[PDB]
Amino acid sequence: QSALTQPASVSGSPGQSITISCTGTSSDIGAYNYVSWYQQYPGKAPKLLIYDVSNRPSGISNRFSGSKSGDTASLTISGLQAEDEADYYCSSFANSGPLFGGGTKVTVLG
């Protein structure tokens, strides 16, 4: 069982928006504003999409946004397209070290 909880899979039609939730607890996502999101293609290196809940690195599309409410963080992908089909992991911070979610497979229908 993964430290942080994410949905196993989320599907969406091209152009739409999907939200990937990530539930932690009092002592990680709730305790800190240190949640990050990563995109991973099969057999490839993970890629940082968003750090510190809502902040986006320079070369990352603005279709990706991050937010946090209580013990849950969220990643939103708008203008969903084919290249967004991948695995998505959220990471938080904790007293014993960074935690990861189980990851979420995103499927675009075409």
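Start at 1 and count along the sequence shown; that's the residue number.
Test of understanding: from the entry's C-alpha B-factors, which stretch has the higher mean, 77-85 or 23-31?
Higher mean C-alpha B-factor in the PDB entry: 23-31.
Identify the stretch, either 43-51 or 64-72, whose C-alpha atoms have the larger mean B-factor according to the entry.
It is 64-72.
By the CA temperature factor listed in this entry, which of these ranks top: 91, 11, 95, 16?
Comparing C-alpha B-factors across 91, 11, 95, 16, the maximum falls on 95.
Going by the CA temperature factor in the PDB record, which third of the chain does residue 104 belong to: lowest, middle or highest?
Lowest third, going by the recorded CA B-factors of the chain.
Based on the entry's values, in what third of the chain does the Cα temperature factor of residue 6 lie: lowest, middle or highest?
Within its chain, residue 6 is a lowest-third residue by C-alpha B-factor, going by the deposited values.
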